[PDB]
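[1] need a structure here:
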Amino acid sequence: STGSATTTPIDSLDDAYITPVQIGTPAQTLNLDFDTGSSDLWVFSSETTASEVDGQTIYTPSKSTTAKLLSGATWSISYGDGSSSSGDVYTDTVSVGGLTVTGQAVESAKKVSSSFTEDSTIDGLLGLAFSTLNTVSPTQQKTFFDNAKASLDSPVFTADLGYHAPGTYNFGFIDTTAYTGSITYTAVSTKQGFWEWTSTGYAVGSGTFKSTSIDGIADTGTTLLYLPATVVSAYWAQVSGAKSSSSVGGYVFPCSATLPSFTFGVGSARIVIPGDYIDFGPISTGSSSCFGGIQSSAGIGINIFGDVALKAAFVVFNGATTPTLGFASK
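    Numbering: from 1, shown residues only. Let me share the structure:
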C-alpha cells in the first residue's frame, strides 16, 4: 500500500503545516500537524473543555461506528515550546491520503494549553517520531507510521514541505520526480526516540564550508532551525544590524535586509536554505524589526532541523530495521 496527502502552511510565514486526516466511520476529516518530533496522534474532540476550543474541528467518537474506548488509557504531553495537552484514548480507523490503518490509537484531548486553543487552524497532531516516545499509559501505543509500516510497499515516508506553498507527505514510496540529483542517506540514532542524525557542517552565504559535526533532529513539528550558538552567531554576523534580543527571545534583524543563504552538510552533499526562508517577518505588527529563522539551541539541549531547514529539501524518513534519513535538493 501507499498514501499521498498534500500539506499546507497554516499562515503566510509557514509557521506550521496541516494535512487532512480521515478518522472514524463515517470519516471525520481533521487537519493535523504532522510532527516527526513527537509520537502521539491527538485531536481536539467532543471531550475537550469547551472554553479551550475556539474554531477547531473536533472528533466526536460517539458518531463513529468503529470507535472503541481504550479502557483505562490516558495520555499527557508537553512540547519543547511549553505547550501541552492531555486526555483519554480511543482506537479507530485512520486514513492519510488513501492509506488506512485500523485500530489506530486516537488520543482525545480533554485539556489543551492556550497556544493550541489560540490556533484555530490546527485540529491536533500526528506524531511520526519513534513509538518509544508515545505518552499513552499504562499501555504505550504505536504511531500511524509504525502501524502502517508492514503494509507499505517500502517502509518509508517522505516530507516535501513547501516555501509559502503546499507540499506533500508520501507513505510507502519515494517519488523520484519530486527532487533533483540524488538522495544522500545518513545514519540515525533512535536512542532518544527522535530522527537524530549528524550534519557534516555548514556555510553562510557564499562563504567557505566549515566541516564540523552537528548532532540534531529532523523535526517537521518545529518551525525554525535551532543550532549551536557559535554557528548562529556566524550566520547573523553577516547581516548588518542583526542582534540577539533577550526581550524578544532570539535574533532579530532589520526588515530592510537581504538575508544570506545557509548551507548544511549531509555527508558529502549540501542543502542550501535560501535567505528568504530565514525571514519570519515583523516581531509585532508594523515593526521594522524582523524575527530570524535560525536561532540558538543553547537553551534547548538539542539541535533542531525544523521546517526552515527541511523545506529546502526532499526528506526520506527510512523506517527499515536500521532507520536512516535521506536528503535531496529539489
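
[2] C-alpha only now, for contacts and for neighbours.
    Will do.

[3] spit out the contact partners of residue 319.
    Residue 319 makes contacts with 149, 155-157, as judged by C-alpha atoms under 8 Å, 6 or more residues apart in numbering.

[4] bridging residues for the closest residue to residue 273 other than its chain neighbours?
    In this structure, residue 273 finds its nearest non-sequential neighbour in residue 262, 5.1 Å apart by C-alpha to C-alpha, 6 or more residues apart in numbering. Beta bridges link residue 262 to residue 204, residue 273, judged by DSSP bridges.

[5] does residue 262 touch residue 277 like I think?
    No. With contact defined as C-alpha atoms under 8 Å, residue 262 does not reach residue 277; the gap is 9.6 Å.

[6] list the contacts of the residue nearest to residue 273.
    Here residue 262 is in contact with 202-205, 235, 272-275 (criterion: C-alpha under 8 Å, 6+ apart).

[7] for it, give its distance to residue 318.
    25 Å (C-alpha to C-alpha, to the nearest Å).

[8] what about residue 148, which SS state?
    helix (DSSP: H, G, I helix; E, B strand; the rest coil).

[9] count residues in the vicinity of it, would you?
    21 (other C-alpha atoms under 10 Å).

[10] what does residue 299 give?
    Residues near residue 299, counting by other C-alpha under 10 Å: 10.

[11] the helices in this structure, which residues?
    114-117, 144-148, 229-236, 307-310 (DSSP state H).

[12] got JSON lines for those, with distance to residue 71 too?
    Supplementary listing: the helices of the chain in JSON lines, determined by distance: least, C-alpha to C-alpha, whole Å:
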{"stretch": "helix 114-117", "distance to residue 71": "26"}
{"stretch": "helix 144-148", "distance to residue 71": "20"}
{"stretch": "helix 229-236", "distance to residue 71": "46"}
{"stretch": "helix 307-310", "distance to residue 71": "36"}
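
[13] can you tell which of those helices is closest to residue 5?
    Closest approach to residue 5 among the helices of the chain (C-alpha to C-alpha): helix 144-148, 13.9 Å.

[14] dump the closest one to PDB, restricted to CA.
    What follows is helix 144-148, C-alpha atoms only, in PDB (Å, rounded to 0.1, in the frame of the first residue of the first chain):
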ATOM      1  CA  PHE A 144       0.400   5.700  12.500                       C
ATOM      2  CA  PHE A 145       3.600   5.000  10.600                       C
ATOM      3  CA  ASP A 146       4.500   2.100  12.900                       C
ATOM      4  CA  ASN A 147       1.100   0.600  12.400                       C
ATOM      5  CA  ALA A 148       1.100   1.000   8.600                       C
END
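
[15] so of the helices of the chain, which one's packed in deepest?
    Neighbour counts (mean count of other C-alpha atoms under 10 Å) averaged over each of the helices of the chain peak at helix 307-310, with a mean of 26.

[16] from the centroid of this protein, which residue is nearest?
    Centroid-nearest residue in the chain, with C-alpha atoms, centre = their mean: residue 220, separated by 1.8 Å.

[17] I'd say that one and residue 310 touch.
    Yes. Counting by C-alpha under 8 Å, residue 310 is a contact partner of residue 220 at 7.2 Å.

[18] in stretch 209-228, what's buried?
    209, 214-228 (16 or more other C-alpha atoms under 10 Å).

[19] residues in contact with that stretch?
    By C-alpha under 8 Å, 6+ apart, stretch 209-228 touches 14-16, 33-38, 194-203, 293-298, 302-310.

[20] now a PyMOL select for only the buried ones of those.
    Under the burial definition 16+ other C-alpha under 10 Å, those of those that qualify are selected in PyMOL by:
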select buried, resi 14+15+16+33+34+35+36+37+38+194+195+196+197+198+199+200+201+202+203+293+294+295+296+297+302+303+304+305+306+307+308+309+310
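
[21] related to what we said a few turns ago, how close does the residue nearest to the centre of the chain sit to residue 317?
    Counting by C-alpha to C-alpha - residue 220 and residue 317 are separated by 11 Å.

[22] repeat for residue 204
    Taken as C-alpha to C-alpha, the span from residue 204 to residue 317 is 27 Å.
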